[PDB]
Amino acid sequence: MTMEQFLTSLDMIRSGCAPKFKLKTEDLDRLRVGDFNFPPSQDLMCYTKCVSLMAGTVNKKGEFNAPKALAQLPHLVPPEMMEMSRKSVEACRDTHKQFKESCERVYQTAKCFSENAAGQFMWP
């Protein structure tokens, strides 16, 4: 996919998940730019689980599937973002083992991704 297609995909992905939750637009826009540096509500955390479930990178228990995520990347991000995404998959594939609750497992993995990107990170 192209960067232009990617950028638009962010909104389409959000559209499938955001209506299920009570969300503040200021919070989503911070996540959108990779700013995970504020306290998340439970809704925001579960929002990230819904996004990741849409991506097929986690299961219903919030467990991150690193080999499948790696397999799915060419359908998820554009070529410009492949290497950093691959780097983050590897760097964050275990951080989900340190939390027990499914929404927090995914949120914390997502936060880890944002901290292991060399500036190029965007969340739907």
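Quick note: we count residues from 1 along the sequence shown, nothing fancier.
**OP:** On mean C-alpha B-factor from the PDB entry, just flag whether 34 to 42 or 90 to 98 is the higher one.
**Re:** For C-alpha atoms only, the mean B-factor is higher in 90 to 98.
Subject >> Between 44 to 52 and 77 to 85 (mean CA B-factor, as deposited), the higher >> reply: Going by the record's values, the stretch with the higher mean is 77 to 85.
Subject >> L7, C-alpha B-factor rank within chain (lowest, middle or highest third) >> reply: Ranked within chain, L7 CA B lands in the lowest tercile.
**OP:** Comparing against every modelled residue in the chain, figure out the third that the C-alpha B-factor of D29 lands in (lowest, middle or highest).
**Re:** It falls in the bottom third of the chain.
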